[PDB]
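K.L.:
A single structure is presented below for examination.
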Amino acid sequence: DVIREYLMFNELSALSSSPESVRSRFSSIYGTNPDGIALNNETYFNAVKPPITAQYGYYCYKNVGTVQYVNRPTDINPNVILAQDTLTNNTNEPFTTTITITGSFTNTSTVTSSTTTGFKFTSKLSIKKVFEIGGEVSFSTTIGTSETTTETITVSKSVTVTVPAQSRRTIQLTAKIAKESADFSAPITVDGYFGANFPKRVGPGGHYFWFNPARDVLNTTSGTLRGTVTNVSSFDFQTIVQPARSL
Ligand SMILES: [Lu+3]
Ligand SMILES: [Lu+3]
């Protein structure tokens, strides 16, 4: 998904920064410690209200770029009993009979995401992955969370079996389980401005209010989104009729 929202003061740590470190950068740039600083609709320290950044139209945004997916090796659980039934022959004559054996399996699709430094995005992230075995999976997800959705597969199989004279005979419904997954990542980028108000006129021309691009006052202006999309499903259903065993 293409996300673009305001950067907040409580997310400065996500850019390895702080209001104090931003203020100190403004101090270095202009040669006087500002009274206060401003970001979008917020201020910090001894600041002019309303924020000079909104007054003067200088905003600052965090962005999620294009999500890139990388397939992980698929893990296959090669045998799982979904159903098991035993036919008992208590007579002196064999009989043959057609039975139906039924199992159900609950498929899961799981999304998880995070950022390396703890950005606080509000807009849902769109995650879509087509899995070979599991098929198409999509999510609209809050970054930094986990979600699982479920779907039910019921499988019935008819089978004709002869059970000898004094014996029982077991029938199983079996499947393989595929855990399919892909890792994903997206660049986080910050662009726009911070504001500062000074106790005296500073800078070229002598002004009380100044704006500097985020890159001038923050220790970094990028980060990273990461996550995984998993699907667990059953496939390769088989009927197993085991040899008749004596009672
Ligand atoms: Lu194959
Ligand atoms: Lu196959």
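K.L.:
How about the range 195-204: which of its residues are touching a residue at least 12 places away in the same chain (Cβ under 8 Å), out of contact with any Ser or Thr (no Cβ under 7 Å at 6 or more places or on another chain) and not small (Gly, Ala, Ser)?
P.N.:
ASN197
K.L.:
Here's another thing I want to ask about it. Scan the range 125-150 for residues that are surrounded by 13 or more Cβ atoms within 10 Å (Cβ to Cβ), within 16 Å of ligand 2 (Cβ to nearest atom) and not in a strand (DSSP E or B) and jot them down.
P.N.:
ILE133, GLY134
K.L.:
Here's something else I'd like to know. What residue, among those in the range 214-241 that are within 16 Å of ligand 2 (Cβ to nearest atom) and surrounded by 15 or more Cβ atoms within 10 Å (Cβ to Cβ), is farthest from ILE127 (Cα to Cα)?
P.N.:
Within the range 214-241, the match that is farthest from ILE127 (Cα to Cα) is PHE237.
K.L.:
Quick check: anything in the range 36-56 surrounded by 14 or more Cβ atoms within 10 Å (Cβ to Cβ), among the acidic types (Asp, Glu) and in a strand (DSSP E or B)?
P.N.:
Among the residues of the range 36-56, at least one is surrounded by 14 or more Cβ atoms within 10 Å (Cβ to Cβ), among the acidic types (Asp, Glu) and in a strand (DSSP E or B), which makes the answer yes.
K.L.:
Continuing with the same structure: Would you be able to tell me the number of residues in the range 151-164 that are closer than 24 Å to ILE76 by Cα and surrounded by 13 or more Cβ atoms within 10 Å (Cβ to Cβ)?
P.N.:
Adding up the residues that qualify gives 3.
K.L.:
All but one of (1) among the hydroxyl-bearing types (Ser, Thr, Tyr); (2) surrounded by 12 or more Cβ atoms within 10 Å (Cβ to Cβ); (3) not in a helix (DSSP H, G or I) hold for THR88; state the number of the condition that does not hold.
P.N.:
(2)
K.L.:
Is it the case, given these coordinates, that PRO51 is free of Cβ contacts under 8 Å to residues at least 60 places away in the same chain and over 28 Å from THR228 (Cα atoms)?
P.N.:
no
Because the Cβ atoms are built from the backbone with ideal geometry, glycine has one as well, and the counts that use them run over all protein chains shown. None of the figures in this text is laboratory data; all of them are computed from the coordinates on show.
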